Amino acid sequence: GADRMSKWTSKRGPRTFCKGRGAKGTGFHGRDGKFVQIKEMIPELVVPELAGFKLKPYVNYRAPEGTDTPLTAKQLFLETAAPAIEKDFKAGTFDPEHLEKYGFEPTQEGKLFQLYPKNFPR
Amino acid sequence: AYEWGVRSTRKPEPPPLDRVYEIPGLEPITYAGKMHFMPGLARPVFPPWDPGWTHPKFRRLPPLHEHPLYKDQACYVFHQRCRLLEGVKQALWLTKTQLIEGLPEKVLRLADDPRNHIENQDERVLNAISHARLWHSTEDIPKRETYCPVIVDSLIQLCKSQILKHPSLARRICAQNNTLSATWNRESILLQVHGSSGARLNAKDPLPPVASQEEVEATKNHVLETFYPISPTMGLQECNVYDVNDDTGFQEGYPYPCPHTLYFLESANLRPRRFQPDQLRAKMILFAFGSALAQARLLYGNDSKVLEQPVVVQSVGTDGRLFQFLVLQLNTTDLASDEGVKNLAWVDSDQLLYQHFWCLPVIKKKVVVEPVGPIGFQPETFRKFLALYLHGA
Amino acid sequence: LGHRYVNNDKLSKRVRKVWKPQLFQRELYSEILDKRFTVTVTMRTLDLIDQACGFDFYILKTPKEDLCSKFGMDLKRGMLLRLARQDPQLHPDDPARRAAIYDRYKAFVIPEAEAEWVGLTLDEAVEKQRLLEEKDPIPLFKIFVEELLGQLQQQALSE
Amino acid sequence: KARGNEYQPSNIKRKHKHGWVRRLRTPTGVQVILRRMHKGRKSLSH
Amino acid sequence: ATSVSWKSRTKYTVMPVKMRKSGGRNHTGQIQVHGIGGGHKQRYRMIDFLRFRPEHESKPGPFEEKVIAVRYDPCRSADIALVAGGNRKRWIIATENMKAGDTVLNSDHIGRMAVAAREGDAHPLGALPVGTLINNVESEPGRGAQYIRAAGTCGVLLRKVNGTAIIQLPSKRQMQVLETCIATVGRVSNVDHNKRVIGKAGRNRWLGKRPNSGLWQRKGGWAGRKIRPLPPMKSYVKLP
RNA sequence: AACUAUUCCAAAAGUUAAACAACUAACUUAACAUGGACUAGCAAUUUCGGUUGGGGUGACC
RNA sequence: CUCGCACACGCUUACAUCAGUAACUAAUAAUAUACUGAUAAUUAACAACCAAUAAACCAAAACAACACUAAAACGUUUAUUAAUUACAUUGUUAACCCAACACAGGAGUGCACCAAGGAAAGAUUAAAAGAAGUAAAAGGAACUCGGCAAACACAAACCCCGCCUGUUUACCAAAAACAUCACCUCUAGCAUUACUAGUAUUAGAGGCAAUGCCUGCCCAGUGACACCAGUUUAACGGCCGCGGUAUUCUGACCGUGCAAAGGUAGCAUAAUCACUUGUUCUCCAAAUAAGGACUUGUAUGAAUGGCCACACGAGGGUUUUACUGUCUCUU
RNA sequence: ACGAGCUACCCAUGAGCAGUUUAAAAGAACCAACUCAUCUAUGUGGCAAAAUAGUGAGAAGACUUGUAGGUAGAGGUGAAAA
RNA sequence: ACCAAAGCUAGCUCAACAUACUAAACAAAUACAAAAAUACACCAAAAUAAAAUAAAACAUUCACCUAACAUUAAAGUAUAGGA
Ligand SMILES: [Mg+2]
Ligand SMILES: [Mg+2]
Ligand SMILES: [Mg+2]
Ligand SMILES: [Mg+2]
Ligand SMILES: [Mg+2]
Ligand SMILES: [Mg+2]
Ligand SMILES: [Mg+2]
Ligand SMILES: [Mg+2]
Ligand SMILES: [Mg+2]
Ligand SMILES: [Mg+2]
Ligand SMILES: [Mg+2]
Ligand SMILES: [Mg+2]
Ligand SMILES: [Mg+2]
Ligand SMILES: [Mg+2]
Ligand SMILES: [Mg+2]
Ligand SMILES: [Mg+2]
Ligand SMILES: [Mg+2]
Ligand SMILES: [Mg+2]
Ligand SMILES: [Mg+2]
Ligand SMILES: [Mg+2]
Ligand SMILES: [Mg+2]
Ligand SMILES: [Mg+2]
Ligand SMILES: [Mg+2]
Ligand SMILES: [Mg+2]
Ligand SMILES: [Mg+2]
Ligand SMILES: [Mg+2]
Ligand SMILES: [Mg+2]
Ligand SMILES: [Mg+2]
Ligand SMILES: [Mg+2]
Ligand SMILES: [Mg+2]
Ligand SMILES: [Mg+2]
Ligand SMILES: [Mg+2]
Ligand SMILES: [Mg+2]
Ligand SMILES: [Mg+2]
Ligand SMILES: [Mg+2]
Ligand SMILES: [Mg+2]
Ligand SMILES: [Mg+2]
Ligand SMILES: [Mg+2]
Ligand SMILES: [Mg+2]
Ligand SMILES: [Mg+2]
Ligand SMILES: [Mg+2]
Ligand SMILES: [Mg+2]
Ligand SMILES: [Mg+2]
Ligand SMILES: [Mg+2]
Ligand SMILES: [Mg+2]
Ligand SMILES: [Mg+2]
Ligand SMILES: [Mg+2]
Ligand SMILES: [Mg+2]
Ligand SMILES: [Mg+2]
Ligand SMILES: [Mg+2]
Ligand SMILES: [Mg+2]
Ligand SMILES: [Mg+2]
Ligand SMILES: [Mg+2]
Ligand SMILES: [Mg+2]
Ligand SMILES: [Mg+2]
Ligand SMILES: [Mg+2]
Ligand SMILES: [Mg+2]
Ligand SMILES: [Mg+2]
Ligand SMILES: [Mg+2]
Ligand SMILES: [Mg+2]
Ligand SMILES: [Mg+2]
Ligand SMILES: [Mg+2]
Ligand SMILES: [Mg+2]
Ligand SMILES: [Mg+2]
Ligand SMILES: [Mg+2]
Ligand SMILES: [Mg+2]
Ligand SMILES: [Mg+2]
Ligand SMILES: [Mg+2]
Ligand SMILES: [Mg+2]
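What the entry reports as its method is cryo-EM, with 3.2 Å given for the resolution.

Within the PDB entry, the label attached to chain D reads Mitochondrial ribosomal protein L34, and the organism entered is Sus scrofa.

Chain A carries the name Mitochondrial ribosomal protein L41 in the PDB entry, which gives Sus scrofa as its organism. Quoted verbatim from the Sequence similarities (unreviewed entry) field of UniProt, the annotation for chain A is "Belongs to the mitochondrion-specific ribosomal protein mL41 family." Quoted verbatim from the Subcellular location (unreviewed entry) field of UniProt, the annotation for chain A is "Mitochondrion".

Right under this line is the structure:
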């Protein structure tokens, strides 16, 4: 009576049934039928030099925790744009039209990593 | 007229446009806002899509007329696989050439000299046949696709072994799959023999012209046969994008500049995918001709003139049991007129290298009647083969 | 869709029966929309157009429930818009014809906000209102900048 | 002759006849799915 | 469910094209026609039934073609001939004595003098003698041939009245046509197709014919020998 | 009944005379196609009164 | 003693190693491919995934030389564009699947007939009856519905019915039933999804059953054509009496009634209501059997076909030979 | 509503048929694999909700068979056995 | 003396109220053969409910029978029905 419950997998079907386990495709099928890898689709790990730096996977026990304040859009606005804005309004040089000097970005399509459609994995 | 599609098949005509598109000055409300089909709303119409950057693979096929090499003159191309309806007649007419039954007598004398034989001829050739037809494969009965190139190459080796006795044969080199483009204009019809042949034996030094002047001048008086209902172009490729330049498969300064022999194999298992012997003869006529015309326009140039130095090229062709021998002498670079001196071609046709072959002993009433091997063997055909290979020396 | 007795004797068989309207292909001329539509209509429709004295008349002068067509309602939405707008594109070359036609229909003229919502299905309406309400949510940089300017101007005006 | 072996397994046949996509292509099928969802079935479809 | 018909190919080819039989089933899959199925596998040769078909629209005149070979056809009872002229080939239905290496004329031209009729000849009806034998007969001019295609059938041109031909179909019914319509002159190929003897039931099965039912039906009133006066004459001539 | 074909009247599109005699009617119909009939096919619904020297046949009520 | 190795499909860890099994799985144990736990494992070269659009090609596979008829699966090349850049992804165990079972059943392909796989007996005893086998004096069908089964036989003849190979009630009927070549009726004058990419030598709706000799008379009824007349039986269906006559039984002839026509040819006690075990001949020592003739069958009979015949039949009957434990009569 | 993974008939697409006899791959003949299911005996809660043992019929064909598709209950399919 | 025997909890039932009425959980994957990131299209649709049953059969008829308007009466009245 077959098997209803057990999940459908490439191990189960005929020869013609090939269903990946969820790794991401690195390329396409070319002319000769041979497969071609696109160097751009293969994730490039960005790894910093760890050797010369001091931090460890664990922390000293007597070292204190702290009052837990989740970062909000507001606090981030106050640590960055608020000093510069107050500095240039106090000087009367504030321009409501172009805020780009403070770090505001009107549109996301120019830059490499966009925030809203979210161009980057991690 | 009975039209050849069927309404049921042809891509369904677009659904009749929604009634709200017939009312002037009114904006229809469509589901295009929600990015998916909804019933209750009118069907949106979209502009033909323009992905501002073009993608090489996924773009629509460029219309043919946009090409730089596009021309309004229809040019009829002959490539490797075209069948001519009337094979040798058409071939001749397109080539402006007279046909002669046997091979040139130079070649026959070359063939009948007992000096020119190999060590044991019947032994070695019966072996090359047996090999190609049986022993060269693991299987019981090899297909033609394997055994035709095998037998032609076996014979090429049996002849090549004579480099010991006449050491001028080392002046040759063999080539495979060269681009050949020979354009020529014949009687207001533009022809181009364009494509690849299988195997081409090239020589360092050209081939001595094989017809006496009596033959050339007797060719000046010959009337070309004509097939009235059938246009001479029949069986070729009408083509609107082509280049007119004389091209032989090699660039300038090629050490082995002079085409010697062309080899045409028919390797296909099915009958209908092979050539009728006649169509094959045509094929090798036209291709020999292109090969010659190339040189003829290299050593002299594009001007159309009768030739003070005739170009000669050879051709062989095969079922693998059946051989077509051809020698071509090109005397003329002006084919526009019908009335001048015509090129010459000798065709030895339908030469059987062997009758039939048995790969398994044929047994009748529990006895062995016919043993394994070839039935009948014509040393003649291999003799001619040897001759044509030996035409240089 | 109904049933019927055969012979009309109550004592006979009772039989399902459906009575279908006789349909005709007829092309009609709209004055305000300046167009000929090829429409399937009944003889009753033609009698009602006849009785209301014009095609455009019949379409403006009849309530939604009596036309029963989404198409009738779209026709009406169209020429109602063309009346409230006084659309010049009606007859581009002849303001004579234009004022002439826009004249006789002056009884039905309604404002513009009403005129585009007349023939709409609840679906089309909800869609329309969703599109008038369509806005990309405003960046928090803007809102925070305005709060900051408010506070800074109230710090400037207090001294 | 002898009976009861009536079921001869194929994954292709199985998933074509009873599969998810097959249930969703017709309105009747969708109603099947809907009923099973209602009854709280663990497996809605093959 | 839904099946698509194999009958879609747009461009004409002399090359045999592959086809799918369907025993009696309509596109829904139900049986429409009983007793059909499972013959030998067959390729189909496209037949050009418009005999007058100028190659290019540039030169309109009456043209002449050569008969290359005459071949058996699996699809129809008549034998068919491969016919080439200019740059083009086509399959046409072969007339009785038509043989390979032959010449056949295709003409739309009428004249006051009629014509001496050969076999492969295609002429407008008005251009023929009044006793001639014709096959591959158009109904409306420019339509293409429908009537009298079967093996060894011939109709006869009966008369010419009022710029119109009246012909006699193989069923001996009379058909009225414009005289501007084309016909081929002669009896269709393979005249002995009548006298062929299917030897065994197996042979019938090779033709894709499944046996009759086993059910016994009593004969009805429809049965008997009915002698009906021959039907009135069909006229494809459209009166003003 | 529906449905499938037939035949007809009506609906719908039309078309002709200015009709005849002395001092309004008639005809037309390409494919669809409505209302009402007709003739068949294919069918739909429903039923096998009781007595009886078992039932049936016969007889009777 | 011999169904073996692999692949497809299908199963999903039931496979491997170590340990454990008081009980749970094995229809018992021993122990373990099947129960328990823990730990591991199948690695791509094989396989799946793996281009479109034009253009020339009429020419079977059968060792393919060349052909046969039922007319036949399977690609080259030319042109136009096809991201160009190591390593992509996925199947890889098994003693396995479908039959509720660790089921004598059902299961495609390639190679093998052993080199690979396996074990008919838990231990005794040697009663009956039952199953499967081997042998049997003399006889050789005397058995029996029937030579069913069996045999040291493995042959000949004759009828009935169906022409033939084929098909059918999966699980009580394989036939004489159905189909069938052939012969016949009916209905159709034609175009893009069936029929059919066909066109009356074609295609549908049937009947009957090859071949051979044939297929007689009837249109009143009932149909169906012809919308009424009139036509149709290879349409549904029909095809008779009473009295008097040749010296005598019969009745060529005669009378008369009724019918639309009055059952023709053939065959016949039949697979044919009853009478019937008709009558006679042949076969046997003996026959309600079988065959052959006679034959009103008052209920045969001519395409709901009638009569002969070849060949064929796990059809139904009969004879002869042979063979036998079927039987005398069992061991 | 669900069912043609069994079975009936189709459609695509594959696969099988060795030896012997014959001018012959002739719905010929002998006889395997293969396919059926004649007759008997077992078995009858059986090994089996149709089997086992013997014996039989066909075995280049109207043949067997794999895979994927189709036709659905007022229906389908049917060499009619409802 | 074995096999056994006894609990009182898990939750449920029916109403009331009530805001209002598709809970919870969503990182990825999910309508290829659902849970398989990535290529030029198509997409979609409606037709009266029927019958079992009651009428001692059955043929017209046969409440309720997936359509908001409740409650007290008028009233099982007017009417409708093989009356
Ligand atoms: Mg299950
Ligand atoms: Mg798989
Ligand atoms: Mg697998
Ligand atoms: Mg790779
Ligand atoms: Mg079951
Ligand atoms: Mg056909
Ligand atoms: Mg034919
Ligand atoms: Mg028949
Ligand atoms: Mg019958
Ligand atoms: Mg009834
Ligand atoms: Mg009722
Ligand atoms: Mg009674
Ligand atoms: Mg009674
Ligand atoms: Mg009684
Ligand atoms: Mg009694
Ligand atoms: Mg009575
Ligand atoms: Mg299992
Ligand atoms: Mg284990
Ligand atoms: Mg145990
Ligand atoms: Mg393995
Ligand atoms: Mg024992
Ligand atoms: Mg005993
Ligand atoms: Mg015994
Ligand atoms: Mg014995
Ligand atoms: Mg004895
Ligand atoms: Mg006896
Ligand atoms: Mg006795
Ligand atoms: Mg026996
Ligand atoms: Mg015997
Ligand atoms: Mg005997
Ligand atoms: Mg028989
Ligand atoms: Mg059958
Ligand atoms: Mg049975
Ligand atoms: Mg059977
Ligand atoms: Mg049988
Ligand atoms: Mg049986
Ligand atoms: Mg019969
Ligand atoms: Mg006859
Ligand atoms: Mg007969
Ligand atoms: Mg008769
Ligand atoms: Mg009558
Ligand atoms: Mg009459
Ligand atoms: Mg007799
Ligand atoms: Mg009797
Ligand atoms: Mg009788
Ligand atoms: Mg009869
Ligand atoms: Mg009878
Ligand atoms: Mg015979
Ligand atoms: Mg039999
Ligand atoms: Mg017999
Ligand atoms: Mg038989
Ligand atoms: Mg003894
Ligand atoms: Mg199936
Ligand atoms: Mg054999
Ligand atoms: Mg045979
Ligand atoms: Mg058996
Ligand atoms: Mg035995
Ligand atoms: Mg056997
Ligand atoms: Mg046999
Ligand atoms: Mg036999
Ligand atoms: Mg299916
Ligand atoms: Mg019923
Ligand atoms: Mg039925
Ligand atoms: Mg019956
Ligand atoms: Mg009742
Ligand atoms: Mg009661
Ligand atoms: Mg009752
Ligand atoms: Mg009710
Ligand atoms: Mg009343």
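There's plenty left to go through after this.
Enquirer: Tell me about the overall build of chain A, and please be specific about residues and values.
Expert: Scanning chain A from terminus to terminus reveals 1 helix and 2 strands. Its helices and strands taken in sequence order, chain A reads β-β-α from the N to the C terminus. The C-alpha radius of gyration computed for chain A amounts to 26 Å, which surpasses the reference 14 Å derived for 122 residues by more than 25%, pointing to a less compact arrangement than a globule. For chain A, buried positions account for 8% of its 122 residues. Of all intrachain contacts in chain A linking residues separated by at least 6 positions in sequence, the fraction that spans at least 24 positions is 0%.

Enquirer: Which residues make up the overall build of chain D, and what are the values?
Expert: What chain D contains, in helices and strands, is 3 helices and 0 strands. In sequence order, the secondary structure elements of chain D are arranged as α-α-α. Once the C-alpha set of chain D is aligned to its principal axes, its extents read approximately 40 × 20 × 15 Å. Buried residues in chain D amount to 15% of all 46 residues. Carbon and sulfur atoms provide 55% of the accessible area of chain D, an area that totals close to 4100 Å².

Enquirer: So what's going on with the interface of chain A and chain D? Residues and values would help.
Expert: Each side of the interface is counted separately: chain A has 9 residues, and chain D has 11 residues. Together chain A and chain D conceal approximately 840 Å² of surface at their shared face, both sides included; 60% is due to carbon and sulfur atoms. Considering only the surface of chain A that becomes buried against chain D, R4(A), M5(A) and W8(A) emerge as the three largest contributors, covering 61% of it. Between chain A and chain D we count 0 salt bridges in total.

Enquirer: Pulling in residues and values, what's your account of the interface of chain E and chain B?
Expert: The interface of chain E with chain B comprises 25 residues on the first partner and 15 residues on the second. Carbon and sulfur atoms make up 56% of the area that chain E and chain B hide from each other, which totals about 1600 Å². At the boundary of chain E and chain B, one finds 6 residue pairs in polar contact. When contributions to the side of chain E that touches chain B are tallied by element, the ones reaching two or more residues are β3 (63–71), β4 (80–85) and β5 (88–93) of chain E.

Enquirer: So, the packing of helix α1 (residues 73–90) of chain A against helix α8 (residues 140–156) of chain C: which residues are in play, and what are the values?
Expert: The N-to-C vectors of α1(A) and α8(C) enclose an angle of 50 degrees; their axes lie 10 Å apart at closest approach. The angle between α1(A) and α8(C) falls in the class oblique. The two elements α1(A) and α8(C) meet at a crossing, and its hand is right-handed. For the pair α1(A) and α8(C), contact is made by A73(A), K74(A), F77(A), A81(A), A82(A), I85(A), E86(A), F89(A) and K90(A) and by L140(C), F141(C), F144(C), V145(C), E147(C), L148(C), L149(C), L152(C), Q153(C) and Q155(C), respectively. For the contact of α1(A) with α8(C), the per-class residue count stands at 13 nonpolar, 2 polar and 4 charged.

Enquirer: Lay out the UniProt feature "binding site: Mg(2+) 6" (unreviewed entry) in chain A with the relevant residues and their values.
Expert: The UniProt record annotates "binding site: Mg(2+) 6" (unreviewed entry) at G13(A) and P14(A). Looking at the secondary structure, you find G13(A) in the segment before β1 (27–29). Those residues within four positions of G13(A) in sequence are excluded, and the remaining contacts are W8(A) and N11(D). Turning to its location among the elements, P14(A) is positioned in the segment before β1. Exposure remark for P14(A): the relative accessible area of 34% places this residue in the partly exposed category. Aside from chain neighbours lying at most four places away, what touches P14(A) is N11(D) and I12(D).

Enquirer: Which residues make up the protein's contact with RNA strand I, and what values go with them?
Expert: Lining the immediate surroundings of RNA strand I are 36 residues, of which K19(A), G25(A), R60(B), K10(C) and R25(D) lie closest. Each atom of RNA strand I within 4 Å of the protein was assigned to sugar, phosphate or base; sugar and phosphate come to 44%. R60(B) is positioned such that a nitrogen or oxygen atom in its side chain is 2.6 Å from a base nitrogen of RNA strand I. In the environment of RNA strand I, a phosphate oxygen lies 3.1 Å from a nitrogen or oxygen atom belonging to the backbone of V21(D). Sorting the residues of the surface near RNA strand I by element identifies β1 (2–5) and β2 (14–17) of chain C together with α1 (11–18) and α2 (20–24) of chain D as the ones contributing at least two each. Looking at the surface near RNA strand I, its residues break down into 18 nonpolar, 8 polar and 10 charged.

Enquirer: So what's going on with helix α4 (residues 144–160) of chain B? Residues and values would help.
Expert: If you check α4(B), its first and last C-alpha atoms are 24 Å apart, about what 17 residues at 1.5 Å a residue would give, namely 24 Å. As for α4(B), its buried residues are in contact with α3 (121–135), β8 (258–265), β9 (306–318), β10 (322–332), β12 (354–358) and α7 (379–390) of chain B.

Enquirer: Describe the protein's contact with RNA strand G, with residues and values.
Expert: Contacts to RNA strand G come from 155 residues, most closely from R31(A), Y44(E), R45(E), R76(E) and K89(E). Those atoms of RNA strand G that come within 4 Å of the protein belong to sugar or phosphate at a rate of 62%. Within the side chain of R143(E), a nitrogen or oxygen atom sits 3.0 Å from a phosphate oxygen of RNA strand G. Elements represented by at least two residues in the surface near RNA strand G include exactly β1 and β2 (35–37) of chain A, β7 (237–241) and β12 of chain B together with β2 (43–44), β3, β5 and α1 (201–206) of chain E. A class-by-class count of the residues in the surface near RNA strand G yields 58 nonpolar, 56 polar and 41 charged.

Enquirer: Which residues make up a positive patch on the surface, and what are the values?
Expert: Taken together, the side chains of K7(A), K11(A), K19(A) and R21(A) define a basic patch exposed on the protein surface. With respect to the helices, strands and loops of the structure, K19(A) is situated in the segment before β1.

Enquirer: Please give an account of the state of the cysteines that cites residues and values.
Expert: For the structure shown, the criterion picks out 0 disulfides over all chains. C174(B) forms no disulfide, and the closest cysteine sulfur to it belongs to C159(B), at a distance of 12 Å.

Enquirer: Give a detailed account of the sheet that holds strand β1 (residues 70–78) of chain B, specifying residues and quantitative values.
Expert: Residues and elements named next belong to chain B. The strand order β4-β5-β1-β7 describes an open sheet built from 4 strands, whose pairing is mixed. The sheet is open, and its two borders are formed by β4 (180–186) and β7, each paired with just one other strand. When strand polarity is set aside, the average angle formed by the axes of neighbouring strands in this sheet is 35 degrees. Packing of helix α6 (residues 277–298) onto the sheet brings it into contact with β1, β4 and β5 (189–195), and relative to β4 it is tilted by some 90 degrees.

Enquirer: Could you give an account of the environment of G195(B), naming the residues involved and the relevant values?
Expert: Residues and elements named next belong to chain B. Summarising the element assignment, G195 is placed in strand β5. Through-space distance from the C-alpha of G195 to that of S181 is 6.7 Å; in sequence the pair is 14 residues apart. Discounting residues that sit within four places of it in the chain, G195 has contacts with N178, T179, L180 and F287.

Conventions used here
- Residues numbered from 1 in each chain as written, not as in the entry; some residues may be left out.
- Chains lettered and ligands numbered in written order.
- Part of a larger assembly, values for the part shown.
- Heavy atoms only, no water.
- UniProt positions renumbered as here; feature names shortened; annotations may be inferred.
- Helix = DSSP H or I, 4+ residues; strand = E, 2+ residues; numbered from the N terminus.
- Rg over C-alpha atoms; globule rule 2.2 N^0.38 Å.
- Buried < 20%, exposed > 50% of the residue type's maximum accessible area, 1.4 Å probe, protein only.
- Contact = heavy atoms within 4.5 Å.
- Areas by Shrake-Rupley, 256 points an atom, 1.4 Å probe, with all protein chains shown as cover.
- Buried area = accessible area lost by both parts, 1.4 Å probe.
- Salt bridge = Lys/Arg side-chain N within 4 Å of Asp/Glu carboxyl O.
- Polar contact = N/O pair within 3.5 Å; in protein donor to acceptor, adjacent residues only side chain to side chain.
- Axes fitted to C-alpha atoms, helices over the stretch in contact; angles between N-to-C directions.
- Parallel < 35°, antiparallel > 145°, perpendicular 65-115°, else oblique.
- Left-handed = near helix turned anticlockwise from the far one by under 90°.
- Nonpolar A, V, L, I, M, F, W, Y, C, P; charged D, E, K, R; others polar.
- Near = heavy atom within 4 Å.
- Expected span 1.5 Å × (residues − 1).
- Patch = residues over 30% accessible without salt bridge, like charges linked within 9 Å, V, L, I, M, F, W, Y side chains within 5 Å.
- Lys, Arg positive; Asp, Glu negative; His and termini not counted.
- Charge placed at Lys NZ, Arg CZ, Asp CG, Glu CD.
- Disulfide = S-S within 2.5 Å.
- Pairing = 2+ DSSP bridges.

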